[PDB]
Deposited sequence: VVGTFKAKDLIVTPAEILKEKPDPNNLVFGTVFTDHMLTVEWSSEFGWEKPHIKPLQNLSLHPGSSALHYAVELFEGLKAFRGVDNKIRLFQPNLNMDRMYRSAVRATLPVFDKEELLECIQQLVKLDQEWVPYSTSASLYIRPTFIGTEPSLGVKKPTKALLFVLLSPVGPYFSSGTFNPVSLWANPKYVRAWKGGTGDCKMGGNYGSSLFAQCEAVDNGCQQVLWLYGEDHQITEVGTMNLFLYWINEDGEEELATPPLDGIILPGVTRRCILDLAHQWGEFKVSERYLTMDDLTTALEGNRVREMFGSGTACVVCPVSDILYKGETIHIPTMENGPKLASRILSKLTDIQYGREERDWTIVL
């Protein structure tokens, strides 16, 4: 093993810098900044020196294993231009931890998390003017790692590329969910608890079917009893009165088929800290959900992820019926409290160990 080292960065600035977009009309993942991080690896020579250089197309051998066998993984985190014009990262160490565990499970080569994070900070610092001047926009950071092995054997790659992209993004509009148990996102003994690209390609067909029935996202069901696991690429929370008449924030447990979201983590830590209601990592079925609905026990349902922070759910289509979820008719008080909190930390209105300053 070894690692590229940030003290070795080679930097090659763009000649012609691009005009920044309007913060208030930005579609996610659509606009990229001026520069990118690339680092090459080979089993023969190990990790090359890291480059920050102008955003450009990748030159890949058409046999590259990323293209044939989905030898690939990614992350997603954000930079925030704070109320004090200071640029913060949020919980970035948790993303480095996750990206490392993904690399191991993908058989891609390991790296030093601290060195990566310090390369990412130099990238953002170079393009810091792309970090939106706005309190409802951010800069999305997309570390990506791919096998570039030029041979068609299914095997651990002997060549790889780690690269990082920057994209400015903007922004409740509740969501409707499509729940069809014929599709299964992830299985025990599979990779659904890692952020490996192979888990996502198989979802596009279900998403299209979702939009065809006028839903915005897929509710991922699992098992004979139709456990509700995730919502699109978001963790799922239920705020309700449970079977014993207690107020509870519940979310599926990490038993292999749930991606351990940073946002999910932060929300559980906030809820534990507040001490106002029971906080439960536990199994939730559609029948638990509908039984609770025809007893008025449900308050809120929402998804969580880095992109939206929190995403309220208003309806589920299941077995030919639209099932109303009273999230918006209950405020949504919890959802909004969580958003305000996380936003406060992110933009440095509130001071906490969750952010790092550039």
{"property": "Missing CA stretches, deposited numbering from 1, N-terminus first", "result": "1, 173 to 178"}
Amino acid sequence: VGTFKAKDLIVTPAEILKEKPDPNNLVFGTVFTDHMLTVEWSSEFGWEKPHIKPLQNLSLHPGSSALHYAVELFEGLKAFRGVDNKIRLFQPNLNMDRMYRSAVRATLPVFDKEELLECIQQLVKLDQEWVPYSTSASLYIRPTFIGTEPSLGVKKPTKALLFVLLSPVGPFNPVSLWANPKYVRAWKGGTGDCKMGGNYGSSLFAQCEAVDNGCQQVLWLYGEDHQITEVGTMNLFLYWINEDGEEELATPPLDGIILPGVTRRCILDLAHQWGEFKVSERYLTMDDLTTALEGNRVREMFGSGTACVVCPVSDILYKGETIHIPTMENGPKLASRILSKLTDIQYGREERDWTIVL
From here on, numbers count along this sequence of modelled residues.
| item | value |
| --- | --- |
| Between 81 to 89 and 100 to 108 (mean CA B-factor, as deposited), the higher | 81 to 89 |
| Of 128 to 136 and 145 to 153, the one with larger mean CA B-factor | 128 to 136 |
| Most elevated Cα B-factor in the entry, residues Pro253, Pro260, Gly198, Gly275 | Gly275 |
| Out of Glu75, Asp193, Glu248, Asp244, highest CA B-factor residue | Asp244 |
| Modelled-residue ranking by C-alpha temperature factor, third containing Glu224 | highest |
| Among modelled residues of the same chain, the CA temperature factor third for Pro54 | middle |
| For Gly46, the third of its chain into which the C-alpha B factor falls | middle |
| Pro332 by Cα B-factor - lowest, middle or highest third of the modelled chain | highest |
| Entry-reported Cα temperature factor of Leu289, expressed as the chain third it lands in | middle |
